[PDB]
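J.: What follows is a structure written as structure tokens; I'll ask about it next.
Quick reminder, even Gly has a Cβ in these numbers, built from the backbone with ideal geometry, and neighbours come from all protein chains shown. Each value in this text was obtained by applying a stated rule to the coordinates, not by laboratory testing.
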């Protein structure tokens, strides 16, 4: 830990996008099993918790779905670029850095996957609505905030 807010391990939250105004979901379904859904749904499949990385993954976090138990991944170049997988963080592309925003994004943060060099995206208009982007090129649709029960 540092001064950066990190939810306690295991605490549930939803992840609201700055640009999209929607929350990520993860469900046990055939493809697609992840996406965005509306905040006022208040659905269990919009909840996640963090698994704290340890050893070489200290200071990174896996994002575990409450509804499925799988963790999110973010990758390039293999498609789909984002999704979920079992294993509580068994793969390198399951580990994220919480990177706080500056100026008008101080309540928000990016979710950057450092080894593949990608950042999660939550957007309107252009599909896929939940996706990623190379993390060197920053737009405000890469920003998220936590919502709690």
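J.: Each label point is 7 Å from the Cα along the Cα-to-Cβ direction; what then is the distance between the points at residue 86 and residue 21, in nm?
T.: It works out to 3.9 nm between the two label points.
J.: Moving to a separate point now. Given R₀ = 22 Å, FRET efficiency for residue 66-residue 31 by Cβ-Cβ distance, to 0.05?
T.: For residue 66 and residue 31, the calculated efficiency is 0.65.
J.: Here's another thing I want to ask about it. Take the Cα coordinates of the stretch 53-122, assign each an equal point scatterer, and use the Debye formula without solvent to give log10 I(q)/I(0) at q = 0.17, 0.20, 0.26 Å⁻¹.
T.: -0.63, -0.84, -1.21
J.: What are the radius of gyration and Dmax of the chain, computed over its Cα atoms and given in Å?
T.: So, for the chain, Rg and Dmax equal 13.8, 40 Å respectively.
J.: Okay, next question. Would you calculate the separation in nanometres between label points at residue 41 and residue 102, each defined as 7 Å from the Cα along the Cα-to-beta-carbon direction?
T.: 3.5
J.: Quick check: residue separation of residue 79 and residue 52 times 0.36 nm, minus the Cα distance between them. What number comes out in nm?
T.: Contour length minus Cα-Cα distance gives 7.1 nm.
J.: How much length is gained if the chain between residue 1 and residue 139 is pulled fully straight, taking 0.36 nm per residue apart and subtracting their Cα-Cα distance, in nm to one decimal?
T.: Once the chain is fully extended between residue 1 and residue 139, it gains 47.0 nm.
J.: Follow-up. I want to check the label-to-label distance for residue 148 and residue 127. Put each point 7 Å from Cα in the C-beta direction and report it in nm to one decimal.
T.: 3.6
J.: Can you pull a Stokes-Einstein diffusion coefficient for the stretch 1-58 at 4 °C (1.567 mPa s), Rh from Kirkwood over Cα pairs, as a whole number of µm²/s?
T.: 99
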